[PDB]
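A short worksheet on the structure shown next.
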Amino acid sequence: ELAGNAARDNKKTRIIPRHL
Amino acid sequence: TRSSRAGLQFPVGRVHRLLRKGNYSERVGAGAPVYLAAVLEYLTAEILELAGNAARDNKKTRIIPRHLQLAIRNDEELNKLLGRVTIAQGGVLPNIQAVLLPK
Amino acid sequence: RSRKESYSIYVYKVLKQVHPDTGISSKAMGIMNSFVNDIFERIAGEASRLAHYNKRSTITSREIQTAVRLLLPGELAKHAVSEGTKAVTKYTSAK
Amino acid sequence: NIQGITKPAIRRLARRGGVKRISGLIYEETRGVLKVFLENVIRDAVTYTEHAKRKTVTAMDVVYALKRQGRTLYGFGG
Amino acid sequence: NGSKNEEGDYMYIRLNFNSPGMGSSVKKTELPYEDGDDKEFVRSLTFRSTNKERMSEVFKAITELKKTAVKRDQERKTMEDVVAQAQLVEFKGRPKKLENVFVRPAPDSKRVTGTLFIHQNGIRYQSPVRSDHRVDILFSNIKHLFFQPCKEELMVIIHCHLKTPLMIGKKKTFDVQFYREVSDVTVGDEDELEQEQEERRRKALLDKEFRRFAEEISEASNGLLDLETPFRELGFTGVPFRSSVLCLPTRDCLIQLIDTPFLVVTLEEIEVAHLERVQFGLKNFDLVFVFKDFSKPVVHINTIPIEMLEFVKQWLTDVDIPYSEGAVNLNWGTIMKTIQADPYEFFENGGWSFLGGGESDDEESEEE
Amino acid sequence: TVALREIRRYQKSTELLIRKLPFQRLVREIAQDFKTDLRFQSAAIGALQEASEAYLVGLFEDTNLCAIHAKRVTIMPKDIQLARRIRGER
Amino acid sequence: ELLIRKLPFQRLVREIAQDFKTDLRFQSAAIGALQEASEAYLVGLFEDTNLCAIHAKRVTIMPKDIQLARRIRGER
Amino acid sequence: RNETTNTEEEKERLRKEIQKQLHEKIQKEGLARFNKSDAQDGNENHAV
DNA sequence: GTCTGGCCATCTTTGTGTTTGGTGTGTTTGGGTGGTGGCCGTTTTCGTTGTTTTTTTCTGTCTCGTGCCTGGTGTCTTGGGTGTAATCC
Numbered sequence: 064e065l066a067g068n069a070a071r072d073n074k075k076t077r078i079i080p081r082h083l
Numbered sequence: 016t017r018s019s020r021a022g023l024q025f026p027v028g029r030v031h032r033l034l035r036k037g038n039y040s041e042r043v044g045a046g047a048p049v050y051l052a053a054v055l056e057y058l059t060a061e062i063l064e065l066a067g068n069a070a071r072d073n074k075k076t077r078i079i080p081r082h083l084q085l086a087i088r089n090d091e092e093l094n095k096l097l098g099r100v101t102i103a104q105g106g107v108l109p110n111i112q113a114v115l116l117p118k
Numbered sequence: 028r029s030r031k032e033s034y035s036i037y038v039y040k041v042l043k044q045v046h047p048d049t050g051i052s053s054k055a056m057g058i059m060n061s062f063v064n065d066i067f068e069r070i071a072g073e074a075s076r077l078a079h080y081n082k083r084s085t086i087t088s089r090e091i092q093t094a095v096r097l098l099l100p101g102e103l104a105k106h107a108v109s110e111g112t113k114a115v116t117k118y119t120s121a122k
Numbered sequence: 025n026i027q028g029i030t031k032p033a034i035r036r037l038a039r040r041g042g043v044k045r046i047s048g049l050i051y052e053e054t055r056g057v058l059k060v061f062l063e064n065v066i067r068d069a070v071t072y073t074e075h076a077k078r079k080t081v082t083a084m085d086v087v088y089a090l091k092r093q094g095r096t097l098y099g100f101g102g
Numbered sequence: 574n575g576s577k578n579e580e581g582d583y584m585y586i587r588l589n590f591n592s593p594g595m596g597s598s599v600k601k602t603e604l605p606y607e608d609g610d611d612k613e614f615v616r617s618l619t620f621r622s623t624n625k626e627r628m629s630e631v632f633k634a635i636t637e638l639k640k641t642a643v644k645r646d647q648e649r650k651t652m653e654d655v656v657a658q659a660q661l662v663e664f665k666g667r668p669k670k671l672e673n674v675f676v677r678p679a680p681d682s683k684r685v686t687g688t689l690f691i692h693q694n695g696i697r698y699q700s701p702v703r704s705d706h707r708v709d710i711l712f713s714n715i716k717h718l719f720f721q722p723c724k725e726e727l728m729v730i731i732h733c734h735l736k737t738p739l740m741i742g743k744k745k746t747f748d749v750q751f752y753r754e755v756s757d758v759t760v773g774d775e776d777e778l779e780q781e782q783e784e785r786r787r788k789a790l791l792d793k794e795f796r797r798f799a800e801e802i803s804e805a806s807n808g809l810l811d812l813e814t815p816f817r818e819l820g821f822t823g824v825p826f827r828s829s830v831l832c833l834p835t836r837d838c839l840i841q842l843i844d845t846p847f848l849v850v851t852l853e854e855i856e857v858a859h860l861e862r863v864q865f866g867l868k869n870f871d872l873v874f875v876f877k878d879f880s881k882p883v884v885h886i887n888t889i890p891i892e893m894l895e896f897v898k899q900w901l902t903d904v905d906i907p908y909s910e911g912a913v914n915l916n917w918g919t920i921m922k923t924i925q926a927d928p929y930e931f932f933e934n935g936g937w938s939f940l941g942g943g944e945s946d947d948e949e950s951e952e953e
Numbered sequence: 045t046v047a048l049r050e051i052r053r054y055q056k057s058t059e060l061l062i063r064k065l066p067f068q069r070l071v072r073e074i075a076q077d078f079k080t081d082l083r084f085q086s087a088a089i090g091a092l093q094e095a096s097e098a099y100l101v102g103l104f105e106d107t108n109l110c111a112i113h114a115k116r117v118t119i120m121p122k123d124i125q126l127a128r129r130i131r132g133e134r
Numbered sequence: 059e060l061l062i063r064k065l066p067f068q069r070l071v072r073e074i075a076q077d078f079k080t081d082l083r084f085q086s087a088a089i090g091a092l093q094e095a096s097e098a099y100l101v102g103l104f105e106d107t108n109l110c111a112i113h114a115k116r117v118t119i120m121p122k123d124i125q126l127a128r129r130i131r132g133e134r
Numbered sequence: 478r479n480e481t482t483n484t485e486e487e488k489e490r491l492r493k494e495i496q497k498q499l500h501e502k503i504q505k506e507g508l509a510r511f512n513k514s515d516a517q518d519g520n521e522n523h524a525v
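Chains as they are written, first to last, in the entry's author numbering: chain U, 64 to 83; chain B, 16 to 118; chain F, 28 to 122; chain Z, 25 to 102; chain A, 574 to 760, 773 to 953; chain G, 45 to 134; chain X, 59 to 134; chain Y, 478 to 525.
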């Protein structure tokens, strides 16, 4: 959930280690 | 006994039983408990040697926890080994910082 | 009654082997028993992890030796390995 | 019951730690730190006790709770 | 600047003058010479003399004259932003007063207790030791009035943040703090509990006295000044200057009043907040406030615990402050100079959007 | 001078520096917030007191190191907070 | 992205590994993991050093701050 | 917990929507405050 | 009088040992498989070479920041002093 939130705050569709 | 055959004082049967009942491995070879008992005996001999030296240094004929603490914290290798353990009634080493000493 | 085991007699024998004219308090004997149990637990846990890494069902003397090498510092590990090898060979040579 | 840790006791603990001069807020700061430490340790011990289905907190629970934190204690049956 | 060298029977003095290339620490706005690409400059002159003693005295006197000139120019620059205030009008009756108060900044190196008086158009601090150490503050010049109670601190405070800076002694300040330390030395378990109870009674009495006096200041202002009290439960730890301090939100401002230098950030003056070093595996981030007045330097709050990040983001949203996050610390001193040079072109391009990392607006699709 | 006398005196002894009953009352007060009618063996309280004093002495040693680093004799709450942050506790 | 150059780091790792057993081979992912761990460790150490330097009212980090940090961490 | 994290994250979508409205609001505010005529009248701080 | 020592007149329960005896380790033999060994495959790690160009580096220059020195505060304790106090010729 929080990784998706962070990837959506960076306008990105793919979760990367940065978002984790 | 198996301690006699190896020229040891620590028990081989007890250590084998503790390894067997400790859920470590499906089976336990016969050279592991002898080696481990030898290591434990060496380490306790080192500890007791330094603690006896520390107790004689204080002119006592009996080892108390204070001498164990002094022996541990005074030996670099042991103090690195026992780096996280606290000894009840062990105290601290005497250590006064250089800048706090009077002038 | 409650027949619970400890290492007190062995620690006392070792003490009289190294220091003949020196005794030990009961609280220090308790601390030494706790120390022995702790070191046993550390070594056995390392040996178990190594065995599971190497896909083996057996804890042999090789696992114990390499766990000793992993755990103890250089000179201490060297002396301990020397002692263990000596004892293993002396036990194996006889029967 | 947190007032029971008096100022002289904190002074004594600082003197065994080698501290030569002490501020006035150190006492409250130390009381807070000690409260946090004790809260964590007693919470772990009570967890152990409840699991063992007991109503008394033994020395084994405290020793295992300290081993859990990494504060291994010798001389209490470990 | 100059140098002096002794050589045999002679003493040499080299005098160096201001030239481009060998420039001084002065900013680009004020040059010690007139701008000119075709202007040639005397860079240095070297003299010799047989008389060593006099030549050493001449060099000392040149150096002293330069020090006096630089000091006078600094004093002038410190006085240029001091707006001449109206004179405080004394109350013709018995004024409301608060006794045994310390003032920060202190008008004299010696810390002395004084009395604070309420007058018709402001407040007056007056030291009992010297009549000349009066500090007058007009109500019209107070921007914010804070009351900070003594609950977990050892002091109670009445802080005045000013619209225009005042000269107190030798220091220009926007902030004038009035405070009184409750810290008291008081020494079986009954006596200690009685001392702790007496300290709690003293704290509560001082908080009641200072709160009442701060309300009486707000009333005397005829509704020009609201009394603000910090929300301790919304406080977070950070480093705006050189120490870790508890930053406390109020109704209209973000404050720190305990330690000098004081932090007072008015929330309405903020244009944007930037969260620096927000990246996986760091324990602490930094918060940067940019003001609507681009001439005002940005405020940094460093080393905020990452556990407070989501709380700070929520709080900025609840206050209608836009925020952005970045893995890297930005050179705000270059950015603000570019924005000052052309503010219109800055907003034409997209304004603050460049702070949102990279606007790729495309699926990463890193997985094969 | 009495400070150094006390330092020498307390780095020599090993006896517990907190009174037993206050520590027991504090422990029971804290424990009462997790489960009512809990009992404590005296050895549990003794172990807790030993661990708490050892912890506090180590913390005071780190605090003293920080204070000397800043060139101060006096330990301050900011020193404690810095030591606890560097340890990784706060 | 990693800040230490990859090939100098590989050579350093091989040089250090040359003491414990002669002529060892290394997986590439092993060197990558070593570099990630080393950089994370150093960044944490620089964080603690910055904290100490700020504590001393400074802005410049000096070797005694590193020494204090490693002492408090419990490093030998 | 899943319905609370959905609720909390929908409040976080409102948090993001507010933040987006704030960035769009400030862009327009700045565009109004600064006109192309002020840019033409550049008070170049020629060194005095 | 400072300070670490080698000991004391009284407190406290500990510390080394003998004892009874029982259980837990030790000997014996049997089975089943885990773990060594060998032989083969083929991926992957080292090794080198050429070309490009980003990064490192050496250096210069200036200024800002670190570090040293100062006034003044609060604080505990040692010391010289004096006035209160008073009686004898």
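Each residue gets a CB set at the ideal place from its N, CA and C atoms; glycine is no exception.
Test: residue i CB closer than 9 Å to a CB of chain U
| i | result |
| --- | --- |
| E672(A) | no |
Status (buried if at least 16 other CB within 10 Å, exposed otherwise) for residue i
| i | result |
| --- | --- |
| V760(A) | exposed |
| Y34(F) | buried |
| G581(A) | exposed |
| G773(A) | exposed |
is_contact[residue i, chain X] using C-beta, thresh 9 Å
| i | result |
| --- | --- |
| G935(A) | no |
| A114(G) | yes |
Coarse secondary structure for residue i, derived from DSSP in three states
| i | result |
| --- | --- |
| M740(A) | strand |
| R72(X) | helix |
| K724(A) | coil |
| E861(A) | strand |
| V525(Y) | coil |
Residue i to residue j span [Cα, whole Å]
| i | j | result |
| --- | --- | --- |
| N591(A) | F614(A) | 8 Å |
| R67(Z) | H706(A) | 57 Å |
| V45(F) | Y39(F) | 10 Å |
| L116(B) | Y57(B) | 41 Å |
| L739(A) | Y583(A) | 53 Å |
| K493(Y) | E944(A) | 16 Å |
| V54(B) | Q24(B) | 12 Å |
Neighbour flag for residue i against chain G, beta carbons, 9 Å
| i | result |
| --- | --- |
| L100(X) | no |
Chain Z contact for residue i (CB, 9 Å cutoff)
| i | result |
| --- | --- |
| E781(A) | yes |
| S756(A) | yes |
| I70(F) | no |
Member of the options whose CA lies at the smallest distance from the CA of residue i
| i | options | result |
| --- | --- | --- |
| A114(G) | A75(X), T80(X), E94(X), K115(X) | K115(X) |
| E818(A) | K724(A), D608(A), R587(A) | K724(A) |
| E53(Z) | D68(Z), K31(Z), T71(Z) | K31(Z) |
| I124(X) | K56(G), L103(G), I130(G) | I130(G) |
| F67(F) | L99(F), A121(F), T116(F) | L99(F) |
| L63(B) | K113(F), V108(F), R89(F), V41(F) | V41(F) |
| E800(A) | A642(A), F719(A), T835(A), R785(A) | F719(A) |
| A634(A) | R677(A), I586(A), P678(A) | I586(A) |
| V643(A) | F675(A), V674(A), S597(A), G820(A) | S597(A) |
| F876(A) | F620(A), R862(A), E579(A), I906(A) | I906(A) |
| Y50(B) | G50(F), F62(F), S88(F) | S88(F) |
Residue i at chain B interface by Cβ criterion, 9 Å
| i | result |
| --- | --- |
| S29(F) | no |
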